[PDB]
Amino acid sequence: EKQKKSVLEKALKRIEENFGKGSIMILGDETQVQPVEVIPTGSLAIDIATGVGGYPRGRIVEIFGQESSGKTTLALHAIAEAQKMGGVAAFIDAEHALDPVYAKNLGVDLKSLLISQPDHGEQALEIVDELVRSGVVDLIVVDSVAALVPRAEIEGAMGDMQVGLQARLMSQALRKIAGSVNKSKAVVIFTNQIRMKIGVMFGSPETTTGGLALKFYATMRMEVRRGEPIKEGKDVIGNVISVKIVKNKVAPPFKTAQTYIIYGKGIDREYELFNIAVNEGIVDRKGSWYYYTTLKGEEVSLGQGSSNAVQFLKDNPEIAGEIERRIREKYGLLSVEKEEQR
């Protein structure tokens, strides 16, 4: 039996070591998996689904979905997390749609955010490559792929004989970026659409032709979908989202995270934490009242109903932290270099 697996595992290793880490995996192998350096996503559910607890440094990630799916909110959290760790984030903007007020409330430090609003696709991708190469930037969000229009097309020259030269030019710029990110501490995230293709009408594959290179250059690809409304009494206060990791080269793919966007706040860390804790049986419910037992044995009353329990978590960071660590440990994420005393 085990001899069957050790020959198996050994062969898997051989192939994997032949073609690069993550080249082949056992889909059920959350063993452990092995931590790599990541920037957390801002969602505990997504962190779990990635298998490594976040976006891996030195890699490209694609986040795609319809307009208004929640991909914008994910990208803003990625920025916020990169800043929170003490890093520097850049936003390469071809949409011109940022809501600075939402971004700030969600947790982005607007003052320190680097911003570029490039003239065209090639320039955008060259700026990204230089930023990666500079060594000074932790996380770059590129929004978005579709908007990434070739110079010539913009100047309306399409043209002289070759219409698809840029396709190659873009794929080439991307290849440069892939080259540079491997030697860097940077995470590079591209957001991409499945909605409203440009310039006119009906659709080719949702993700764009630069996207093919993206499809293959990316270490993770995440498909975001808007789910059911969330209501507090008779007000809708947000909606559920699902985030399916359709490609993952550092842990097993095809995990789907369910998480929650609260309007005006983003993926509220305490709201998500409460729901996950409750789903995991770590916080329990006695009638309408919620309770938690600390590791040290204290049984603590979180309050009556979800809204009170979520606020309690906000008012009691030390308890929230413990509940979160327990969840992360359970799924093998806890960094574990964490030191206790302060």
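The numbering used is simple: start at 1 and walk along the sequence shown.
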Averaging C-alpha B-factors over each stretch, which comes out higher, 244-252 or 172-180?
172-180
Select between 141-149 and 68-76 the stretch whose C-alpha atoms have the higher average B-factor in the entry.
141-149
Identity of residue with top Cα B-factor, from 239, 219, 258, 162
162
Checking the entry, which one of 84, 197, 226, 111 has the top C-alpha B factor?
197
How does the C-alpha B factor of residue 47 compare with the rest of the chain: lowest, middle or highest third?
lowest
Per the entry's values, where does residue 191 land by CA temperature factor relative to the rest of its chain, in the lowest, middle or highest third?
lowest
Split into thirds by Cα B-factor across the chain's modelled residues, where does residue 41 land: lowest, middle or highest?
lowest
Split the chain's modelled residues into thirds by Cα B-factor; is residue 232 in the lowest, middle or highest one?
highest
Looking at the entry's B-factor column for C-alpha atoms only, identify whether residue 89 ranks in the lowest, middle or highest third of its chain.
lowest
